[PDB]
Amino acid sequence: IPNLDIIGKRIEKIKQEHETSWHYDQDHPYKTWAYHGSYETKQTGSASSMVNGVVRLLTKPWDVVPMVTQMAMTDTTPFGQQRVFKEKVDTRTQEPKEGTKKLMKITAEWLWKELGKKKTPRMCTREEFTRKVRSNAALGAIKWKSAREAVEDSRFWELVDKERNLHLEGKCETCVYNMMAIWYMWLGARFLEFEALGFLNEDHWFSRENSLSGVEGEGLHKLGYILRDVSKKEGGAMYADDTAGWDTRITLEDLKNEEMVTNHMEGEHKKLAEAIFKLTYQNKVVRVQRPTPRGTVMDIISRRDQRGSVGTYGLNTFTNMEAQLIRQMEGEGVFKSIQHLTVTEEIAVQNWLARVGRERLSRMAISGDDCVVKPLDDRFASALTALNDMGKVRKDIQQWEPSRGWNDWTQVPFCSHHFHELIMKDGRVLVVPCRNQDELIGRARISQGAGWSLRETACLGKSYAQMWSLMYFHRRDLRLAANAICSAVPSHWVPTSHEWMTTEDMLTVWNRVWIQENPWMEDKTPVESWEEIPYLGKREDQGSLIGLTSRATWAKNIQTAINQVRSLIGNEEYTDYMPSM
């Protein structure tokens, strides 16, 4: 089942740009994706990640930690792409049963209606898009060189209009994904997607206020508070099951339910969004590279159901909200059979959604595929037939083994973190985020771009340091490492583009984020120094693999390393920041 009436125009346009080498490789490796052909291509990508030499020189004890080192070994060569494709992306998900589909359709229709109560969809503009391009951007493959180049060249916008008018007659020609697993599109295709669906992000449809379950806009320093509030609900344990490869488990049915947001639109906006949904989401064309004994080729493949990562405009959050409501329903015995929803069962679901729907959403904190649920009681743990039949198979657990929850919200994993209460010297109680400090250091030692000069490398380092001092100040090693990086990088250099991304005094930012603007901090008295700001317990702070001897030596000689970095940056002026205790 590949529908060439929808994808043929895209495939033929690519075939015609490489007619000489175009061919059908009878030994292609694709099993659940439809394969259309290959052509010869120049190898792109690389098999190493680039190391941030500034962060590395100031974090020398971590040169021997395995987690840290391994993180610097990403493979975007054809070899790497094909490795991840075979293991992760080339999977099939069964179609949900009839009953499951009915639950999803009812629940999705209800959810769009709740999200739309206080919001109205709208088209986003070329001007909105262009302003966002002048900053951090969603990721498209880039004929110009940068996104900021394309937005000014008005020929770029003629191409947009060309594709847009095809979209307006239900045809698609250039919206092709590239697996260079992350999927890129031409910036023009990204614009059309933004124009149709950007309102979901820009108008904050998944903020906690509008969606009850969501946390769009919250910010790491707020998530722990949000978890602790959810824990105040009456109910069972708190559950936080990860889905194995969520993007690959998005079904065609999921995509059709997300599309019901178009029922809330009108005019050409509805037509454009319908094009994004039917032409680019439910009928995708993907380019992947593959090594062959004859050099690297590009494969053209297609598939209807999965999702490709930029975010997903809240659609992953939407679908997870829907999926977790249905698991709540199943736990509460609202329905009995995935096989067939009886007429009286469809009415119960409708009643349940009308009666307790909003309350059940607020038992949840959901960010894309990341969810925390505090259900009515622990029947939830073994309500599994809808979850599995929807394809949202739980990671690292037997299919019918019941979920394990937690009674202590400080043990619940959410958004790659745990959250802890932390007592200040004056007795006020902070809720702070926590995650393995060897991961944080490993990610800081990776320069997110290839071929970078030392200034941008130093500014990326400073960005992590300021983030550490805001978010992970309670970790002794990170506070010290942040101090060194900030001492080593000229004080007026701007961190690369969030609260840590200026040259504001970071104590000023700390006070604003954790005291002044913290809705869960009643006493608005600021702190007057970093010595006033506490650490986690020395025990629980140990979490790190580094030896105590190499940490002590690192701490004792840290100024030697700082000066070494200062010398390579240049005859500049630097500030010696308050040394961590």
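The numbering used is simple: start at 1 and walk along the sequence shown.
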{"item": "Interresidue gap class [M180, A181; deposited sequence, unmodelled]", "value": "10 or more"}
{"item": "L430 preceded by how many uncoordinated deposited residues after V429", "value": "none"}
{"item": "Between the two ranges 215-223 and 264-272, the one averaging a larger CA B factor in the entry", "value": "264-272"}
{"item": "Per the entry, higher mean C-alpha B factor between 109-117 and 72-80", "value": "72-80"}
{"item": "Which of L168, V230, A386, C434 ranks first by CA B-factor in the deposited coordinates", "value": "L168"}
{"item": "Member of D299, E359, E149, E253 with the greatest C-alpha B factor (per the PDB record)", "value": "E149"}
{"item": "Lowest, middle or highest third - CA B-factor, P291", "value": "middle"}
{"item": "Position of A47 among the chain's modelled residues by C-alpha B-factor, lowest, middle or highest third", "value": "highest"}
{"item": "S38 - Cα temperature factor, lowest/middle/highest third of chain", "value": "middle"}
{"item": "B-factor third for the C-alpha atom of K278 within its chain", "value": "middle"}
{"item": "Modelled-residue ranking by C-alpha temperature factor, third containing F85", "value": "middle"}
